[PDB]
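Notes follow the structure.
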There are 2 protein chains.
Amino acid sequence: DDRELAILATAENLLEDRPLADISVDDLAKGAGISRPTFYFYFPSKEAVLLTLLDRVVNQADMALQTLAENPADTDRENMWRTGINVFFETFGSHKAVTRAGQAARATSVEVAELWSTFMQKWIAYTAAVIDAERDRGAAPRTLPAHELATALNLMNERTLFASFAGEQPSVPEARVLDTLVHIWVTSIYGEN
Amino acid sequence: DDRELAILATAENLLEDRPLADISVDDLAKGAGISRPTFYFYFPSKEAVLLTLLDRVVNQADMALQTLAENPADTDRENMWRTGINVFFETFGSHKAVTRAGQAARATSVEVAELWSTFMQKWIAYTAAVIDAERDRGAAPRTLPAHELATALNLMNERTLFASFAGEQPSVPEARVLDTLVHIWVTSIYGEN
Ligand SMILES: O=C(NC[C@H](O)c1ccc([N+](=O)[O-])cc1)c1ccc2c(c1)OCO2
Ligand SMILES: O=C(NC[C@H](O)c1ccc([N+](=O)[O-])cc1)c1ccc2c(c1)OCO2
């Protein structure tokens, strides 16, 4: 793993300064202190380096969210939603270059597309299960289908977080995004007709 | 415009069957009934053909939304939001291949990026002005900053509509998306603490 780790670290650091396209395999071996052929032993391509970096970021989010799901943080419903959204805000916000490049890679790469899609389905299914419980306990009204509600709320968070982290025009300022998303989640989940 | 129109139509029809990358300039001249050099007279590249197609779609949405904004459709607030969102649902839903390719082009093209960004700012500013009026008339509570609320709601619609039109996993079924978005808009806009 040692040289592997070094290639990974080098790729994340270089991705802070430029896109994958403008980083070469020699760039990565160089930064990792190895030759170009030795690189090809650890990874088949620079594309595969990103995949692995993205894979680690996405699992770290997912594991963090599972940790919460095993610990009912003794609190109000607004705060429960906030705490879970914040897992994503912090995890991806700590790995902006990889998030940024991983999103872009979805266009060009079926493995990146499928990884992102697999995790989104999981996070949506968990969101829906929580909405259902809130409904069964009688705290949330039976409005939209829980899964379709979960789907749009997760897609909002996806787009809105990434816009904010990349500083897009338009975007919600990074210091306002969490409140903005929590409001919309809580009002749409608990709000009646 | 006649030959121009033909190149445009040819590009939209071909984009129904494959991505821009897999369509050549000869493909477009051919379908438009002209030679390759004659193509280059009307457009500098196939990329510029998409830009123009996207430009027309985006303006058609925008004009449709301005038309609504000049005609207060005599109705309830839920229906007002629905009618405006539906402008986008129908316009872009009628031009899926161009929407789909135009989104993808944002990565590679600063002009596509800026066109999309300019229109999003306009639609967000209009959304915010309507939220403000609803607040001033006393129908909507003064919760989040109206513009940051508008920003996330528009980004949700962007992502969620496109996912649905491209049939992504995950996505809201196209026949459920409009209700799904209207619920979240109305509950977040009118919902209190
Ligand atoms: O917030 C996201 N997921 C939220 C997640 O589904 C979730 C949040 C909160 C709870 N919860 O507290 O019970 C349960 C699940 C989200 C999902 C995808 C993202 C992203 C964020 O940022 C970039 O890509
Ligand atoms: O719905 C979108 N915009 C909604 C628009 O901002 C708006 C909707 C409704 C009102 N309204 O009724 O007063 C005012 C404005 C939206 C914005 C961007 C999109 C998109 C949809 O689909 C793909 O890209």
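Rule-based calculations on the coordinates, nothing more; no lab input. Virtual Cβ from ideal backbone geometry, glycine too; neighbours counted across all protein chains shown.
Indicate the gyration tensor shape class of the protein assembly as shown (rounded, prolate or oblate), computed on the Cα atoms with a ≥ b ≥ c the square roots of the eigenvalues: a/c under 1.5 is rounded; otherwise a/b larger than b/c is prolate and the rest oblate. Walk me through the numbers before you get to the answer.
Working: a/c = 2.11, a/b = 1.07, b/c = 1.98.
Oblate is the answer for the protein assembly as shown, as a/c is 1.5 or above yet b/c matches or exceeds a/b.
Straight-line cross-link partners of B:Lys30 among the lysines, defined as a Cα under 22 Å from its Cα and at least 8 positions apart when in the same chain: B:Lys46. How much net charge surrounds B:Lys122 when only the other residues with a Cβ under 13 Å from the Cβ of B:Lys122 are counted, with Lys and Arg +1 and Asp and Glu -1? Here the count lands on -2.
Sorted from nearest, the other copies put their A:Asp17 label points 4.7 nm away, the label point being 7 Å from Cα in the direction of Cβ. Taking Cα centroids, how far is the stretch B:1-46 from the stretch B:110-174 in Å? One Cα centre to the other: 33 Å. Peptide B:139-149 has a mean of 3 when you count, residue by residue, the C-beta atoms of other protein chains within 10 Å of its C-beta. With both labels modelled 7 Å from their Cα along Cα-to-Cβ, the A:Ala129 to B:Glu4 distance reads 5.7 nm.
For chain A, averaging the sequence separation of C-alpha pairs within contact (under 8 Å, six or more residues apart) and dividing by the residue count gives a relative contact order of 19 percent. Across peptide A:77-85, the average count of Cβ atoms from other chains found within 10 Å of a residue's Cβ is 0.
Just want to confirm a number: the relative contact order over the stretch B:8-69, from Cα pairs under 8 angstrom separated by 6+ residues, in percent.
Relative contact order of the stretch B:8-69: 32 percent.
Inter-chain Cβ neighbour count for B:175-182, averaged per residue, equals 3 (cutoff 10 Å, partner chain atoms only). Across the alpha-carbon set of the stretch B:1-80, the Rg to Rh ratio works out to 1.20, Rh being the Kirkwood radius. Electrostatic tally near B:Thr38: other residues with Cβ closer than 15 Å to its Cβ, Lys and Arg +1, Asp and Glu -1, net -1.
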